[PDB]
Every structure is written in structure tokens, then in C-alpha cells.
């Protein structure tokens, strides 16, 4: 038994491939904001992929950019979970 050298990585990207990612100068980034909130609420309750799915929903639903520049105004964001994990991950044992 060998395992792949790329196995057991998880990349929690704030945004989809090719896209900008949004940061609020007062509140912090949409993604990190949301990630911490969902970890605080669900780390004792949900498997990590399901926590990150809640983060995806929070960013997708609850945030929208506000800009005086029409190019950058009213824009949305979806984070991007990239999993090469081979097992479920619970922060509690």
C-alpha cells in the first residue's frame, strides 16, 4: 500500500477559479467572516465538508458588493471547496 503524494489535502478557496474575491475594509473578507461563523456554530456538530457547504451558502446568499463604480457594483461570490481528502474530518473526537 502506497498512497498518492497529493492525497489528504483540502483547499478551501474563497472564490471560484478565475474570479476576484471580495474583502470589506470594515468587516473583513466575506469568506473568512463566514468561515469563522460556521466553524463557531457547527464544529461540534458537522463534518468539515458540510461546514464548508454552509460557508458556500452564507457567502452566496448574504453578501453583495456595493460600489460607486458600476463595473464593480452589485457583484456576487461563491467559494470553492477543493477536496483531495480520503476520510471525513470532524474537529471533535
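Numbering follows the first chain given and starts at 1.
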With B-factors read from the PDB entry, the higher C-alpha mean of 27 to 35 and 41 to 49 is in 41 to 49
Entry-reported C-alpha B-factor of residue 22 relative to its chain, by third, is middle
Chain thirds by Cα B factor, record data; residue 7 belongs to the middle
Residue 85: C-alpha B-factor third of its chain, per the entry, is the highest
In terms of its chain's C-alpha B-factors, the third that includes residue 16 is the middle
